[PDB]
Protein chains: 2
Amino acid sequence: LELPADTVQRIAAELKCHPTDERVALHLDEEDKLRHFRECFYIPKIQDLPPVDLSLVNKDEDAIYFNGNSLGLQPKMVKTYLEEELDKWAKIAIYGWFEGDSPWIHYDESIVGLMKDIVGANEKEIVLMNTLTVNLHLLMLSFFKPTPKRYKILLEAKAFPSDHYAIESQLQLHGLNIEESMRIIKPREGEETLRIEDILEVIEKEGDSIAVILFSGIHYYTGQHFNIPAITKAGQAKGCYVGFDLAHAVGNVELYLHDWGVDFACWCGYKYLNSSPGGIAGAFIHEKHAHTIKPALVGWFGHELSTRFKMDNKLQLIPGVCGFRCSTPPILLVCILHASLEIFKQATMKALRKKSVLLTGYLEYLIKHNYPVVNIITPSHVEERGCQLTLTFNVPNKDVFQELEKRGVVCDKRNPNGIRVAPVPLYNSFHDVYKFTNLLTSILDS
Amino acid sequence: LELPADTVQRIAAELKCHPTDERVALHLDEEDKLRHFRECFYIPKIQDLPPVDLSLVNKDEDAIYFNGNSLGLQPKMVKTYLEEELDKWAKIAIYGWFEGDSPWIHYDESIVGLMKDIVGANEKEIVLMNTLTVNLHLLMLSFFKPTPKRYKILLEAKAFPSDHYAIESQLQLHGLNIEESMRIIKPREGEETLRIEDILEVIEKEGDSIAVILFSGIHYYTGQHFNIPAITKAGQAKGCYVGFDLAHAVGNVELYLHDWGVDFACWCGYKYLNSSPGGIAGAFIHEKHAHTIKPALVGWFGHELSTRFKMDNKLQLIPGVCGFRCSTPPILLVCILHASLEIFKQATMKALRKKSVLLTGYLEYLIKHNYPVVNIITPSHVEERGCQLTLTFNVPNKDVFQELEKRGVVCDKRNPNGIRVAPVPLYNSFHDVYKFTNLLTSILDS
């Protein structure tokens, strides 16, 4: 089928205009079957943003928000759902757990039915709970049971700091040497992303000694989407447990954790899933392990609900990942996630991934075209990336990042020179991408 | 000074009425300097409660809510504070972390200044984070480092199930025999509460082999307030680490964790602290351990904020308990807790504990007076209990609990026969206690 760059020049051919003309972006939004979803979100105005130099912007104009990858915008329905739960708490205080049309006791275990299609798993293979890093530890404390023969953990170079710290401390818990035990796949010299063959070679050479493989679904600094089902097959052949940190993947790319055979997974709620800052995170355990892999750390919401409130202390554990649930779920954070997940159910994940490829692609085309003083670190193949592109510039005398945010472009800056732009399909339009690059152009021309 | 029962009969002497007359309760509320705080909370109406038999109640009348111990009522200011944070998230999406009058990055580390006086600790000795049981595990994984000589954990009989399960799994993590390693102090035959001497004797006989002592601050089934500073001194003399699960204690009784020398502590937010269901919990580590006891499981919000966002993976850990913070704090749950903690700052914890003693005492007086077919399991000494009283009845032919909740009395039922009533000083008035016992009287007379 049609590659994204091919799609743009074809539109220009239909309109008899240049590929970089505004009319191309305005036409891609006219034909965007998801364009009405942007209304469901609160989009910042430029003059409200702190770093904005008001001299350089037209006030009363929407901001280009390309941090759907870091803290996702608020659905307008969030406050509406909060009000439902706040009134119930103000109407029947403790009875909201077991009484009424929607018991609190079943929230985390019902809105999982909205997560099934986002990660590709079953009802009983997912729990929405705790926070990302803690779910990473609660999973590792079960799957990472090392032996003298099999003791390593395989992660990637320059991984996300919380993951990296979580793995040292997992190894430091069992007394393992860090240098010997942390196998960190580094990219080849002069290269920014990882090679799938280099990863598989290490798994084949060393996998007999690796206990757990733990990558991110999308690497934060490069935006690289790792071939998840491949790493799983390779790792599982050598006898490894394979799990991923799907923070930048979930809500961004299509995921089939169950069919792919992934052993475990974990993700957060406040990035592409547009829940609240620090919102409720999630876990995953393939049902193959529902009766073999047990929770290392146990709470009382790991007990079967049927006899949980007898409190007779005679543990009857819930199989699967709901056994790692220690505590009562934070109902008001589940509430917010429900509002966002209903939106993901309307605009199918497939329909978002399809726009995400054309939208990020239209960003890549407009960057490569005009420019080289810009290096797109993100993999160019449409399948090895997500919403996010990572950029580095060779303009020495201007800070591109500061110059961009002065003008209402909200995007990340990652050390050393990396800046991250992530147009997401829910609230970002092609005209946002057009408006972006002409500011990036006006800046790089000085 | 005046014991609570002495106070009631003196009021009756001033009014020349019977101690059990309504005029006594109505007078204790007139003179209640905290009576206006009840307005700050949403109090259920009887006809809105599910179990209510409408034939047996006067509709349009406030409900007697004595579950401040299980799920605390909603401050009316909660929705107001949520709106502040929801507008900021809708106004400056990602900039709320570092920009403006109140950065999100400092929420959990600022409203700790409202927790200092509730547990009796310093700024740096408390973090508000995660959930109760998980904070219990994250603490145990550091303080419970056992040896062949020193391997036991001391808890109480019929402890709260989440605690009990959390301790088995802590021992099962290190391979320890459960029967040998779990030292469970059981009450004497025919007795419901524990004896402080029986606890100290075990600590003296066996303490050389105990690695960690972990009781609740108030036992859920009996309501017994354990002499916390005594257990600490005794346990620390024999070389034990001593920590408590302060769930029913915090927000209920006065606590001096720092001066008492308590090694660690953990509590929840949704009981007496009146945060949301499943709301943010808290942790405690005395500053003596700020540089000796390190986190077992590490996240990236365990890193110093000054260089946390360089993400260079060169860990620089925060001393004290803020090092056990793994993840980004859930801002909207901190928000709610801020609303409740401001109320605790207005009505001083001392002023609440003072009413709590007279209010629970006026409940005990009216129960003992008329009745014996009722057994108050809760310790009778005003210092060995909190808000909660636990009851058992010898009426065979009526279920007291069902008969009570039919009439708008919201209180707990704990297996086997225990029911828990907990008038709290914020929203509960003496007239609630008067109205309660006359229903309990009308019921027990059949």
# chains A, B, ... in the order shown; residues from 1 in each chain; ligands from 1
>>> closest_atom_pairs(of="segment 66-166 of chain A", to="segment 297-306 of chain B", cutoff="7 Å", atoms="only C-alpha atoms", output="Markdown table")
| residue | atom | partner | partner_atom | distance |
| --- | --- | --- | --- | --- |
| A:133 | CA | B:299 | CA | 6.1 |
| A:137 | CA | B:297 | CA | 6.9 |
| A:161 | CA | B:300 | CA | 6.0 |
| A:162 | CA | B:300 | CA | 4.3 |
| A:165 | CA | B:298 | CA | 5.8 |
| A:166 | CA | B:298 | CA | 5.2 |
>>> residues_around(residues="segment 183-185 of chain A", least_positions_apart="3", cutoff="10 Å", atoms="only C-alpha atoms", output="NGL selection string")
:A and (152-159 or 164 or 178-180 or 188 or 194-195 or 198-199 or 202 or 206 or 210 or 213)
>>> write_last_selection(atoms="N, CA and C atoms", output="PDB file, in the first residue's frame")
ATOM      1  N   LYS A 152      21.327 -13.352  34.439  1.00  0.00           N
ATOM      2  CA  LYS A 152      21.455 -12.048  33.811  1.00  0.00           C
ATOM      3  C   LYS A 152      20.088 -11.401  33.578  1.00  0.00           C
ATOM      4  N   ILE A 153      20.115 -10.094  33.312  1.00  0.00           N
ATOM      5  CA  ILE A 153      18.960  -9.344  32.828  1.00  0.00           C
ATOM      6  C   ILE A 153      19.399  -8.535  31.615  1.00  0.00           C
ATOM      7  N   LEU A 154      18.648  -8.644  30.522  1.00  0.00           N
ATOM      8  CA  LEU A 154      18.980  -7.970  29.273  1.00  0.00           C
ATOM      9  C   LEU A 154      18.094  -6.743  29.092  1.00  0.00           C
ATOM     10  N   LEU A 155      18.716  -5.567  29.052  1.00  0.00           N
ATOM     11  CA  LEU A 155      18.050  -4.299  28.780  1.00  0.00           C
ATOM     12  C   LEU A 155      18.834  -3.558  27.702  1.00  0.00           C
ATOM     13  N   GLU A 156      18.356  -2.374  27.331  1.00  0.00           N
ATOM     14  CA  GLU A 156      18.972  -1.616  26.253  1.00  0.00           C
ATOM     15  C   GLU A 156      19.812  -0.464  26.788  1.00  0.00           C
ATOM     16  N   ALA A 157      20.723   0.006  25.942  1.00  0.00           N
ATOM     17  CA  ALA A 157      21.586   1.115  26.316  1.00  0.00           C
ATOM     18  C   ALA A 157      20.774   2.392  26.453  1.00  0.00           C
ATOM     19  N   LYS A 158      21.181   3.234  27.401  1.00  0.00           N
ATOM     20  CA  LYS A 158      20.520   4.509  27.663  1.00  0.00           C
ATOM     21  C   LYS A 158      19.017   4.314  27.834  1.00  0.00           C
ATOM     22  N   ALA A 159      18.654   3.286  28.597  1.00  0.00           N
ATOM     23  CA  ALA A 159      17.258   3.028  28.897  1.00  0.00           C
ATOM     24  C   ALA A 159      16.696   4.130  29.795  1.00  0.00           C
ATOM     25  N   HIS A 164      16.192   1.585  34.499  1.00  0.00           N
ATOM     26  CA  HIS A 164      17.592   1.268  34.759  1.00  0.00           C
ATOM     27  C   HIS A 164      17.856   1.135  36.255  1.00  0.00           C
ATOM     28  N   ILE A 178      26.795  -6.124  39.454  1.00  0.00           N
ATOM     29  CA  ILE A 178      26.068  -5.338  38.466  1.00  0.00           C
ATOM     30  C   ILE A 178      26.729  -5.435  37.100  1.00  0.00           C
ATOM     31  N   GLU A 179      28.053  -5.265  37.032  1.00  0.00           N
ATOM     32  CA  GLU A 179      28.722  -5.280  35.732  1.00  0.00           C
ATOM     33  C   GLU A 179      28.544  -6.624  35.035  1.00  0.00           C
ATOM     34  N   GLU A 180      28.717  -7.725  35.770  1.00  0.00           N
ATOM     35  CA  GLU A 180      28.518  -9.038  35.162  1.00  0.00           C
ATOM     36  C   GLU A 180      27.056  -9.284  34.801  1.00  0.00           C
ATOM     37  N   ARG A 188      25.804   0.358  17.761  1.00  0.00           N
ATOM     38  CA  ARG A 188      27.096   0.405  17.098  1.00  0.00           C
ATOM     39  C   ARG A 188      27.616   1.839  17.070  1.00  0.00           C
ATOM     40  N   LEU A 194      19.158   0.915  17.788  1.00  0.00           N
ATOM     41  CA  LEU A 194      19.638  -0.457  17.882  1.00  0.00           C
ATOM     42  C   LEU A 194      19.251  -1.258  16.644  1.00  0.00           C
ATOM     43  N   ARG A 195      20.052  -2.278  16.349  1.00  0.00           N
ATOM     44  CA  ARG A 195      19.807  -3.181  15.234  1.00  0.00           C
ATOM     45  C   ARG A 195      19.162  -4.459  15.750  1.00  0.00           C
ATOM     46  N   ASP A 198      21.566  -7.324  15.964  1.00  0.00           N
ATOM     47  CA  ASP A 198      22.487  -7.234  17.095  1.00  0.00           C
ATOM     48  C   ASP A 198      21.824  -7.680  18.390  1.00  0.00           C
ATOM     49  N   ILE A 199      20.528  -7.410  18.538  1.00  0.00           N
ATOM     50  CA  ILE A 199      19.807  -7.853  19.726  1.00  0.00           C
ATOM     51  C   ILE A 199      19.666  -9.369  19.722  1.00  0.00           C
ATOM     52  N   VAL A 202      22.928 -11.380  20.546  1.00  0.00           N
ATOM     53  CA  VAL A 202      23.244 -11.447  21.970  1.00  0.00           C
ATOM     54  C   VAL A 202      22.342 -12.455  22.667  1.00  0.00           C
ATOM     55  N   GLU A 206      24.128 -15.503  24.451  1.00  0.00           N
ATOM     56  CA  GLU A 206      24.138 -15.417  25.903  1.00  0.00           C
ATOM     57  C   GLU A 206      22.837 -15.850  26.563  1.00  0.00           C
ATOM     58  N   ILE A 210      20.732 -15.711  30.618  1.00  0.00           N
ATOM     59  CA  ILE A 210      19.824 -14.605  30.910  1.00  0.00           C
ATOM     60  C   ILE A 210      18.559 -15.155  31.554  1.00  0.00           C
ATOM     61  N   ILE A 213      14.518 -10.846  30.093  1.00  0.00           N
ATOM     62  CA  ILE A 213      14.757  -9.786  29.119  1.00  0.00           C
ATOM     63  C   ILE A 213      13.690  -8.720  29.328  1.00  0.00           C
TER      64      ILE A 213
END
>>> atom_distance(atom1="atom CA of residue 49 of chain A", atom2="atom CA of residue 86 of chain B")
15.8 Å
>>> residues_around(residues="residue 369 of chain B", least_positions_apart="3", cutoff="12 Å", atoms="only C-alpha atoms", output="PyMOL selection string")
chain B and resi 5+8-9+18-20+361-366+372-374+437+441
>>> write_last_selection(atoms="C-alpha atoms", output="mmCIF file, in the first residue's frame")
data_model
loop_
_atom_site.group_PDB
_atom_site.id
_atom_site.type_symbol
_atom_site.label_atom_id
_atom_site.label_comp_id
_atom_site.auth_asym_id
_atom_site.auth_seq_id
_atom_site.Cartn_x
_atom_site.Cartn_y
_atom_site.Cartn_z
ATOM 1 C CA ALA B 5 -18.227 9.275 82.494
ATOM 2 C CA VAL B 8 -21.695 13.378 81.738
ATOM 3 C CA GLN B 9 -23.237 12.990 85.200
ATOM 4 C CA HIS B 18 -31.018 12.242 84.065
ATOM 5 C CA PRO B 19 -27.595 11.348 82.602
ATOM 6 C CA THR B 20 -29.356 9.560 79.718
ATOM 7 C CA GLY B 361 -16.750 7.946 76.162
ATOM 8 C CA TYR B 362 -20.313 9.247 75.960
ATOM 9 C CA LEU B 363 -21.020 6.253 73.728
ATOM 10 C CA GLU B 364 -19.471 3.874 76.270
ATOM 11 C CA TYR B 365 -21.415 5.429 79.155
ATOM 12 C CA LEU B 366 -24.764 5.124 77.375
ATOM 13 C CA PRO B 372 -25.216 -7.781 80.270
ATOM 14 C CA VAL B 373 -26.332 -8.448 76.699
ATOM 15 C CA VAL B 374 -23.689 -6.137 75.164
ATOM 16 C CA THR B 437 -28.101 4.103 71.443
ATOM 17 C CA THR B 441 -32.058 0.176 72.833
#
>>> residues_around(residues="residue 413 of chain B", least_positions_apart="3", cutoff="12 Å", atoms="only C-alpha atoms", output="ChimeraX atom specification")
/A:309-311 /B:66-67,70,220-221,389-392,399-402,404-405,409-410,416-422
>>> atom_distance(atom1="atom CA of residue 130 of chain B", atom2="atom CA of residue 96 of chain B")
20.7 Å
